Amino acid sequence: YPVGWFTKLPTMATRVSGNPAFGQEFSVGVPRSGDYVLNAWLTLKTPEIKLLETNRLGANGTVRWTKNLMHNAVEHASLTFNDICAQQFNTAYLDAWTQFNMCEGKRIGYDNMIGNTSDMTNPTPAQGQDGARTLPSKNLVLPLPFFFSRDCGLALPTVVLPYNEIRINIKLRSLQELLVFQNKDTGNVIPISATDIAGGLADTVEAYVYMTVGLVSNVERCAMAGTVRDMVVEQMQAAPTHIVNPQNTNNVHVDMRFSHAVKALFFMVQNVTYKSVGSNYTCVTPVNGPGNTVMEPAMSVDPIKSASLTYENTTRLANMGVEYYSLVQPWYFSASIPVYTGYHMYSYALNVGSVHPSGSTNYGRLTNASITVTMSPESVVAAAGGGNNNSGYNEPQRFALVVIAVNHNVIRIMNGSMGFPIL
Amino acid sequence: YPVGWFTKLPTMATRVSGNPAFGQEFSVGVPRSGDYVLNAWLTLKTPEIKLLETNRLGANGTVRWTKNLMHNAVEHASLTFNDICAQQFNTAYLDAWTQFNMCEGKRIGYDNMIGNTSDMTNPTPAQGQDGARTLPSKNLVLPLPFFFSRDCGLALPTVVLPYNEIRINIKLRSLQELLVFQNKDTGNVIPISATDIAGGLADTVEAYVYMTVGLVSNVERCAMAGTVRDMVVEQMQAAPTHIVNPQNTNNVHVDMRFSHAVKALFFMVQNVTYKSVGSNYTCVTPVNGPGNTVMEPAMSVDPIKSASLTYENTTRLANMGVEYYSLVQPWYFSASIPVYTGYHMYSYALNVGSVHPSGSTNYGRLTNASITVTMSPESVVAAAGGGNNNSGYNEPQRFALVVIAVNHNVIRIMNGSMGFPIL
Amino acid sequence: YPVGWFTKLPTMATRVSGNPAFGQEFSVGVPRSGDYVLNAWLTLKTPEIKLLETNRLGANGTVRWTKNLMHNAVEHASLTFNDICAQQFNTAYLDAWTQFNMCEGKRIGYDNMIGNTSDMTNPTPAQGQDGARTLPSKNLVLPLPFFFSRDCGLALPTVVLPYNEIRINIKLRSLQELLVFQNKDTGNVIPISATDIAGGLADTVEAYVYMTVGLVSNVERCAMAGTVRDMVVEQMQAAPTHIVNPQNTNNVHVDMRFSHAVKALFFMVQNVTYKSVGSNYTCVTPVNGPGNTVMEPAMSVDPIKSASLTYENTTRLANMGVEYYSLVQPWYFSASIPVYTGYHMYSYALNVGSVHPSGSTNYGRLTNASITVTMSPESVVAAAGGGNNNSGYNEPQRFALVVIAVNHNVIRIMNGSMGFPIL
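Residues numbered from 1 in each chain as written, not as in the entry; some residues may be left out. Chains lettered and ligands numbered in written order. Heavy atoms only, no water.

**So, the overall build of chain A**
Formally: The way it works is that DSSP assigns letters per residue, a run of H or I at least four long becomes a helix, a run of E at least two long becomes a strand, and they are numbered from the N terminus. For this measure, only C-alpha atoms enter the radius of gyration; the expected value for a globule follows 2.2 Å times N^0.38, where N is the number of residues. When accessible area is computed with a 1.4 Å probe and restricted to protein chains, residues below 20% of their type maximum are described as buried, those above 50% as exposed, and intermediate ones as partly exposed. Whether two residues touch is decided by their heavy atoms; if any such pair falls within 4.5 Å, the residues are in contact. By the counting scheme adopted, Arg and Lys are positive, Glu and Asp are negative, and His together with the chain ends is not counted. By convention, the point assigned to a charge is CZ for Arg, NZ for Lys, CD for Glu and CG for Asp.
Of regular secondary structure, chain A possesses five helices and 16 strands. What you see for chain A is a C-alpha radius of gyration of 23 Å, in line with the 22 Å of a compact globule of 423 residues. Reported as C-alpha extents along the three principal axes, the dimensions of chain A are approximately 70 × 55 × 40 Å. Sorting the 423 residues of chain A into buried and exposed places 56% on the buried side. The contacts in chain A between residues at least 6 apart in sequence include a share of 75% that link residues at least 24 apart. Across chain A, the mean location of the 27 positive side-chain charges is 4 Å away from that of the 28 negative side-chain charges.

**Some remarks on the sheet that holds strand β10 (residues 254-255) of chain C**
Residue and element names in this part refer to chain C. To keep things clear, this is the line we draw: Think of it this way: DSSP has to see at least two bridges between two strands before they count as a pair.
In space, the three strands of this open sheet follow the order β10-β15-β12, with antiparallel pairing throughout. The sheet is open, and its two edges are formed by β10 and β12 (304-309), each paired on a single side. Pairing analysis gives four bridges linking β12 to strand β15 (residues 370-375), with the strands arranged antiparallel. Each bridged residue has a counterpart across the sheet, and for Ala-307 the counterpart in β15 is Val-373.

**Focus: the pattern of salt bridges**
All names here are of chain B. Operational definition: A side-chain nitrogen of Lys or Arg and a carboxyl oxygen of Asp or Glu constitute a salt bridge if their distance falls within 4 Å.
Per the stated rule, a full pass over the model turns up 14 salt bridges over all chains. Ionic pairing is found between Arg-221 and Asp-35, a salt bridge with its closest N-O pair at 3.1 Å. Taken together, the positions of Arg-221 in helix α4 (residues 218-224) and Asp-35 in the loop between β2 (25-29) and β3 (40-41) put the pair 186 residues apart, joining distant regions of the chain. For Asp-35, a relative accessible area of 4% gives the class buried.

**Structural notes on the environment of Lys-305 of chain B**
Residue and element names in this part refer to chain B. Summarising the element assignment, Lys-305 is placed in the loop between β12 (261-270) and β13 (307-309). Placed 55 residues apart in sequence, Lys-305 and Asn-250 show a C-alpha to C-alpha distance of 9.7 Å. If sequence neighbours within four positions are ignored, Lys-305 has contacts with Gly-321, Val-322, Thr-374, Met-375, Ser-376, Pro-377 and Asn-388.

**Re the interface of chain C and chain B**
Accessible area lost when the parts come together is the quantity often used to give the size of an interface. Counted only if it meets this: Buried area, as used here, totals the accessible surface that two parts lose on assembly, with accessibility defined by a 1.4 Å probe and the loss added over both.
The partner chain B presents 34 residues to the 34 residues of chain C that form the contact. Here chain C and chain B share an interface that buries about 3300 Å² over both sides, 59% of which is from carbon and sulfur atoms. When the buried surface of chain C facing chain B is broken down by residue, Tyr-324, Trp-331 and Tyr-332 of chain C rank first, second and third, together holding 22% of it. At the junction of chain C and chain B, the tally comes to one salt bridge.

**Here we look at the relation of the copies chain A and chain C**
Formally: Between copies, superposition follows a least-squares criterion applied to the C-alpha atoms.
Expressed as a screw operation, the relation of chain A to chain C combines 0.0 Å of axial shift with a rotation of 120°, fitting to an RMSD of 0.1 Å. Taken together, the rotation and translation describe the operation of a three-fold axis. No C-alpha of chain A approaches the rotation axis more nearly than that of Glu-104 of chain A, which lies at 3.2 Å. The overlap is low: 3% of the interface residues of chain A also sit at the interface in chain C, so different surfaces are used on the two sides.

**Re the packing of aromatic side chains**
Residues and elements named next belong to chain A. Stated precisely, the cut-off is as follows: Ring geometry is summarised as follows: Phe, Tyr and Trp rings, the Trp one being its six-membered ring, pair when their centres sit within 6.5 Å, and such pairs are stacked at plane angles under 30 degrees, edge-to-face over 60 and tilted between the two.
All told, the structure shown has 48 aromatic pairs over all chains when counted by the stated rule. Ring plane angle 65° and centroid distance 5.4 Å describe the contact between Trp-97 and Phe-100, whose orientation is recorded as edge-to-face. Residue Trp-97 shares its accessibility class with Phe-100, and that shared class is buried. Chaining the aromatic ring pairs together yields one cluster made of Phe-89, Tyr-93, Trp-97, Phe-100, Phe-146, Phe-147, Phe-148, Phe-266 and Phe-333.

**A few points about the environment of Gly-34 of chain A**
Residues and elements named next belong to chain A. Residue position: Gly-34 is located in the loop between β2 (25-29) and β3 (37-44). A residue is classified by how much of its surface remains accessible, and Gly-34, at 12% relative accessible area, is buried. A C-alpha to C-alpha distance of 40 Å links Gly-34 and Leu-401, two positions 367 residues apart in sequence. Setting aside residues no more than four positions away along its own chain, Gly-34 makes contact with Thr-158, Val-159, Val-213 and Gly-214.

**Some words on the relation of the copies chain C and chain B**
In screw terms, the move from chain C to chain B is a rotation of 119° and a rise of 0.3 Å along the axis, fitting with an RMSD of 0.1 Å. A low fraction, 3%, of the interface residues of chain C reappear at the interface in chain B, so the copies pair through non-equivalent surfaces.

**What to know about the interface of chain A and chain C**
We apply this condition: Polar contacts here mean pairs of N or O atoms no more than 3.5 Å apart (in protein, one a potential hydrogen donor and the other a potential acceptor; neighbouring residues in sequence count only if both atoms are side-chain atoms).
Taken together, the contact between chain A and chain C spans 33 residues of the former and 32 residues of the latter. Carbon and sulfur atoms supply 59% of the area that chain A and chain C bury against each other, a total of about 3200 Å² over both sides. When the buried surface of chain A facing chain C is broken down by residue, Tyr-324, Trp-331 and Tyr-332 of chain A rank first, second and third, together holding 22% of it. Where chain A packs against chain C, one counts one salt bridge. Across the pair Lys-8 of chain C and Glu-312 of chain A runs a salt bridge, and its minimum N-O distance is 3.5 Å. If you look at where chain A meets chain C, you find 10 residue pairs in polar contact. Contributions of two or more residues to the side of chain A that touches chain C are made by α5 (322-332) and β16 (402-412) of chain A.

**A short note on the nonpolar core**
Our working rule: For our purposes a nonpolar core is just a set of buried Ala, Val, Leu, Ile, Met, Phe, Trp, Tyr and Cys residues, chained together by side-chain atoms within 4.5 Å.
One finds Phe-266 of chain B together with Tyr-324 and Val-373 of chain C to be the most contacted residues of the largest nonpolar core, which totals 97 residues. It is helix α5 (residues 322-331) of chain C that contributes the most residues to this core, six residues altogether. Setting aside its immediate chain neighbours within four residues, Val-373 of chain C contacts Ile-243, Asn-250, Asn-251, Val-252, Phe-267, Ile-304, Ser-306 and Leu-401 of chain C. Residues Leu-265 and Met-320 of chain A together with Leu-9 and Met-102 of chain C belong to the second largest nonpolar core, which totals 93 residues.

**A short note on α5 of chain C**
Because the α-helix completes a turn every 3.6 residues, residues three or four places apart line up on one side. With 10 of its 10 residues buried, α5 of chain C lies for the most part within the structure. Taken together, the buried positions of α5 of chain C are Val-322, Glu-323, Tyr-324, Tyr-325, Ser-326, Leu-327, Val-328, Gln-329, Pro-330 and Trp-331 of chain C. On its buried face, α5 of chain C is in contact with β3, α3 (106-110), β7 (140-141) and β9 (210-211) of chain B together with β12 and β13 (343-345) of chain C.

**Topic: the pairing of strand β11 (residues 261-270) of chain C**
Residue and element names in this part refer to chain C. With 10 of its 10 residues buried, β11 lies for the most part within the structure. Pairing geometry for β11 and strand β16 (residues 400-413), over seven bridges, is antiparallel. Bridging from a neighbouring strand, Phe-267 pairs with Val-403 of β16.

**Brief notes about the side chain of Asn-394 of chain B**
All names here are of chain B. The topology assignment puts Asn-394 in the loop between β16 (370-373) and β17 (400-412). Within polar-contact distance, the side chain of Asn-394 engages the backbone nitrogen of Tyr-281 at 2.8 Å. Excluding anything up to four places from it in sequence, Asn-394 contacts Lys-184, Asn-271, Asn-280, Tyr-281 and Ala-382.

**Concerning unusual backbone geometry**
Backbone torsion omega between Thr-285 of chain A and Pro-286 of chain A reads -5°, so that peptide bond is classified as cis. Considering the arrangement of structural elements, one finds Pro-286 of chain A in the loop between β11 (261-268) and β12 (307-309). At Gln-127 of chain A, a residue that is not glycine, the phi angle is positive and equals roughly 55°. Counting through the fold element by element, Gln-127 of chain A comes out in the loop between α3 (106-110) and β6 (140-144). Positioned with a positive phi, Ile-197 of chain C is a non-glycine residue whose angle comes to about 60°. Residue classification places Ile-197 of chain C among the partly exposed residues on the basis of a relative accessible area of 47%.

**Here's the deal with the sheet that holds strand β5 (residues 76-81) of chain B**
Residues and elements named next belong to chain B. Rules: Here an axis means a line fitted to C-alpha atoms, over the contact stretch when the element is a helix, while the angle between two N-to-C directions is reported on a 0 to 180 degree scale.
Strand order across the open sheet formed by five strands is β1-β2-β8-β5-β6, with antiparallel pairing between neighbours. The sheet is open, and its two edges are formed by β1 (15-17) and β6 (84-90), each paired on a single side. Strand after strand, the sheet turns through a mean of 20° between neighbouring axes, direction not considered. Sheet topology places β2 next to strand β8 (residues 167-171); four bridges connect them, and they run antiparallel.

Okay, here's the thing in structure tokens:
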């Protein structure tokens, strides 16, 4: 004999603060008078202003060098809780979670709700992201994955502690693709000019944020706000570093430090403008003018040679190529597929979210942890292609080595006491 | 030390009643002398009688306007239990369950066992379903999803109550694609005539129904038929309505009423003949003669503008387009990619089949619930295309608004007592 | 208040024995001084030695008849435990597990890490597996699925019994595709000759085996090696037979016997060289010279007509075609799409790995079990194609009927006692 009551679950639009534009700080004030919060969603519309298709028009920019806009607009998304930075997001973490957790039908639908694919569409995160024609009326949706947006039993209640000031920050990007850019560096300097309609009539972006509010019956509402609840969360930790400039020799050895136990380590080398490009550009059709394809696949063409993780000043894995650390590593656990760009990961634990860590890199006693990245030299032009031994001018553009990790924490919920227990 | 015994699980062919033809009532008598029942499969062979490929032959009909046959033959499948209509199916529910529960590799294989794709095949429920050549010898399989065909622990036993008269009904359709139709309305009136071999040599359909029989060892057979078992089921509820005719203005406000708590609401606007067509037809090659592609994708081309669900005479969600209610809504709970036709869905609950409803629309106390559908006006010919603002003559063909919902019920099993508990 | 300790999980490279070459026995000695072992991985590099693309060059062999190398190199992988053959693998089981358990993103990534796909790539196990150009520098990875490589709670501990001698055997194959073969039988007899660079500069294969070692804290290490533990495993059982030669009539009735309860039966008819080819070859472009496509899809073109499983000298399922036993059967339990080659499967149980068999073919009391395979006659040349009624010379090449089954066993762990309990 089950017990059922009149339950509800509305989706009221949360308040916004600040004018959403290009390159500005946008704060979102999620409500706190409800029982428990769930997953959030973001809405950003970025229409193009092109005209012709993928045909070559000399030095004019058409629909051939287009990338995802909403995926590049985000830069940092920190979830502040009780005036304490619990977890923070970046541009590399938004693409790393798709190639790890999203294994079922979530990855297929992610390519259509992020990348503007109309003319010659392709359900892929990269390699062919051409837009529409003139003024495409559409909307883009990008959710924010959290540690309580996966199950109803692991949700964070807001009625038990209505005094905490929670707030998320969304940092937008001023540089937009297919609007003020067309090449790898600068395209004839087009800030707002309309050279044969290819950079004019630029419009701003609109941010429509909404957060659902949980509604529990009054029978279980009094018992929830008064009883001690020991919850388990999975926060994120990032540490942006710097990689050596591509030249004759490429070898780094920057140390990596964190806090408690870390499940796994993952990072991705990205560019400053076309961060979703793996292989080097080529001045041979059809690669760059006309650009029917952004870049060729095959991880062997990527300038990144190999890598090696350091642990306790001892070896951790055999010196394998990029085809094993980027493909086979996410294929073991969770069974997900990546993309030809420059991802790196290492399979470790097999249970994410439990009451006992069964194999986790406890960094509380470790005092030696670094990472190395081997790249390919240049000594070649950017009109012949790339590879594992030669790279054109599309290599010095990427120089940001941001490593994002995931740790496990326990939030102590107590009326009148706020402490930090064990990991 | 586990306990094992000699277990069996055969699949005996059940009996049939009635001659399977075109447009007739076909009853299936599932056995009841066994211990329990699982899933049932249906077999219907619908061979074509065409000759040429997708080449244009003037007014003659070839292989260019073909749709799925077994998916259109099913019209109503009601599962009668104890002379009480527990749940009923329709033509819209067979396509809505594919874009919801089928998230893994179930949707990819569903396109091959339903849609006849031979010449220029495409693993998709629509957009390119061309058949073979002359007399294709093949068979089609379409099972019936029930509330006890998902796990062995939630199966409905038949040995505990061998007095209930269970029977399922299969209503076939007389109108078959690529046999008596070729255009949107009537194609030169071809009832049985063979105009250059394009509608002759029509054959009937054969129905091969078989239901597996559960076999439980005698150690647990006596304890099952005698002990009270409180099982939880997930029935279905449908309510066919009527939408306004496409004209200058398109706005409806038909109320929707049900019974107990409903998990989520979903419906789909379908045509009378080519119900698997979303975008409007165009008289420009290659759309209609020759028809290499049935219709263009992009949800913006669909005549349906937007919708809004009513709850407690208050707003429920922001007025979003069709790209958000058809793509992002099924992307949350159970990420399953849909299709470009005209499906609507709203994410709500996150646990289907539990002992406690954690967020369900309890309709037992609600007295106000409606739905609205906004379409696009005409004022344009059917030879230029469709869109969100103009539609040709392919809009008045669809006028059936059948909404299918899912509710939760508890079947009280008692020897000598048959009552209805709570939801 | 959870309990956490400093845990580790290294991946030390295990020792190797024997020189890895073409057609030799390679033994792998996994360590046993650790706490528990997990999943293992294999590394085999098989570079091609071609030059031109898929262009026709007369009788010369180019890149048009290429198949997977690492999938064909393995032949028998037996996991010996305590000098007892617990389970054994074959070439058919490595492809059957992909079309069964691998339902999510595991099958998509399996096609890229097995089949050499560079020029005109295709994420599919067959139908288009062309290599690169000259000397492709790449590595292939193929793990070994076991009964303890699916979850951390069901892992086999090695610290509780450090006296058992565990060892796995890897039998390599001397016949390699795109090296000493180009046609169906013999291609102008090319053992090592380099006819216009198409079979010269042959290199050996390197085997890099590594097995991770489990590390548990000392608090739970003493309690694990001393207390009894009743674990449940899922072993494999194979039985290679022989099918009748393709002629005027094709009908077999070889009995099948095993041990305890079997979950399900599955087999696949494979060739001796191009075992990943289902449809018959055709001398019409583009099938064989130039070979842009290996074979056409559609299960109706396969020479295998139908089959029927025998159980207790009684019928078990209706005489359905190959489109029902190869597609609809894997579509039910664990929705995994197969491939067009000749795979057979029958859905039975729904729970794999539990404490109570809820429906298993207990062969302990059965004394009658056989299988039949119906094929198509010849009486046609190999230059017109295949089908369900006619087959060319590509039918007598396949004559190995190896049936692989899966059973359930219970390993009794006791210090000083080694017995066999029930199934």
